[PDB]
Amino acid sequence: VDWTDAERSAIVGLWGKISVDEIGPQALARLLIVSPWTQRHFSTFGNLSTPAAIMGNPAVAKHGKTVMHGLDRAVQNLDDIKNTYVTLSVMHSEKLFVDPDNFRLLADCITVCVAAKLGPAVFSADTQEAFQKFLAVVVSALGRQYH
């Protein structure tokens, strides 16, 4: 992880132009539907019996919001993402038993929702390149304390 000036500016600008309260809910609902095994972790969040219920699900919505605010901390400091997520990694492994491959899948759903919201001109190939590098660094940090 050596950020170019362009990548840093792309990531900060991108983050500033999305509503995490819109995106978080959308990306988590999308994950639970497209990668259905992830429901393993959310069966207590009310009705997830259908695609529609998941997408109208207030609890899943609230939880998507916390994921996104979880990422705010990474954006605030692109140079120390590994330490930012140390505690969160431990929690997801040892308390929650989340397969860390699902962090990759969630990141991919975040990409898809950001692309839908911004469109292909604003979310250009170079913006996606910086966003992907950011997400890969985040995903690695989240997985780092699994043993």
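One rule holds for the numbers: they count along the sequence shown, beginning at 1.
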Identify the stretch, either 82 to 90 or 50 to 58, whose C-alpha atoms have the larger mean B-factor according to the entry.
-> 50 to 58
Do the C-alpha atoms of 109 to 117 or of 41 to 49 have the higher average B factor in the entry?
-> 41 to 49
Could you tell me which third, lowest, middle or highest, the C-alpha B-factor of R104 occupies within its chain?
-> lowest
Binned into thirds over the chain's modelled residues, the C-alpha B-factor of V20 lands in the highest
CA B-factor ranking of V98, expressed as a third of its chain = lowest
Using the B-factor values recorded in the entry, state whether the Cα atom of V67 falls in the lowest, middle or highest third among the modelled residues of its chain.
-> highest
